[PDB]
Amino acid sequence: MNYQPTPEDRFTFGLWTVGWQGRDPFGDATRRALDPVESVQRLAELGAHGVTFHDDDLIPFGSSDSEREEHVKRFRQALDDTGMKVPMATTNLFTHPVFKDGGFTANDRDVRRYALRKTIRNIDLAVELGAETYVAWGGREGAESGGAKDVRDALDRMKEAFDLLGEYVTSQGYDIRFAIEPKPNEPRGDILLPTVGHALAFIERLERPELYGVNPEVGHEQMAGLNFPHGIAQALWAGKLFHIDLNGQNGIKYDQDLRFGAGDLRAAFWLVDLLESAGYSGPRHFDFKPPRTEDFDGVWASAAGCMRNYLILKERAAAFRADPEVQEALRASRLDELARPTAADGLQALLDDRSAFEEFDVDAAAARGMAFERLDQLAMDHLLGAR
């Protein structure tokens, strides 16, 4: 009973994940910098399908066009040598001091123009390398104090930025879509579009909404105490789950980025159940950081457990839904009725139906147990292999 990934499982990793040197707000790096081409090689040996990058992960900030082309050629050779893909790319609009008040919603106009130019340059590279999804994480968009940011004005600037990006892509004829990644706080005191629902709502006000979806992250919704599978279900319902970031988080605190399966393990089970049963077909991307306690052996051990835990949870969720006793429990709890229209007979028929009100026996209905606890222990037994 082993759980070996192959490139057909669509597992991806950011360069910055296994590449995290372990600098935290209170401590220096505990690991040396990794060459991108070493990370590509090591991830291919563990069974990954591809990698993702920020511009500045791949090409050092301030690189000349000569150095740029060098970095890209070495990278491209490692992808050719391994068969690794690049399904997603993104921009670093958070590290450089110039971004201290944001990129697209910086109060200084010149900064906002610079943010857009830096982004557009990396969309061209992403397209060259074959990415299908371009992620936007506005980690510097927000405030520590109420007077620093008019949020209506800041949403105007955010909408303006994404519309220009949408204009750019369509004018170039690129086949790339955008995915906005919410986060509620950190590094800003509050971040704009802090959850999946705020990002989905914002998208509906862009000039071309069909170009934009969400990239939700496990630990980011959990930093607001929200149910991550529920938010994914709403993203799926809206047709906007373009990409996903998988990791673990222990409750409401700083962003831990633990390997996938750590943190809330039952949430991880229900997440995998939903992605698999909804037939999500995008990358299974890990946005995680190996703890700074670890050396490079612990780095690759952590990246491998990401994939392992996904595959174990996939097996247990599938055994759960395939169990006849579970299918019977689901009927007992009326999940079949949840899927039926309330009033396909229409409004007037509803209004005329005395069994819906005048003659509805509310005490008999109230008395029916939902049988959720038996259902939930079957799920528990399946997760633990006690079934």
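Counting begins at 1, following the sequence as shown.
If you average the C-alpha B-factors over 117-125 and over 164-172, the higher value belongs to 164-172. When the C-alpha B-factors of 57-65 and 353-361 are averaged, 57-65 comes out higher.
Sorting 130, 182, 239, 147 by the CA temperature factor given in the entry leaves 130 at the top.
Annotation for 319, 33, 44, 338: 33 ranks highest, by Cα B-factor.
Among the modelled residues of the chain, residue 327 sits in the middle third by CA temperature factor in this PDB entry. In the deposited entry, the Cα temperature factor of residue 137 sits in the bottom third of values across the chain's modelled residues. In the deposited entry, the Cα temperature factor of residue 288 sits in the middle third of values across the chain's modelled residues.
Residue 22: CA B factor lies in the middle third for its chain, per the PDB record. Among the modelled residues of its chain, residue 278 has a C-alpha B-factor that falls in the highest third, as given in the PDB entry.
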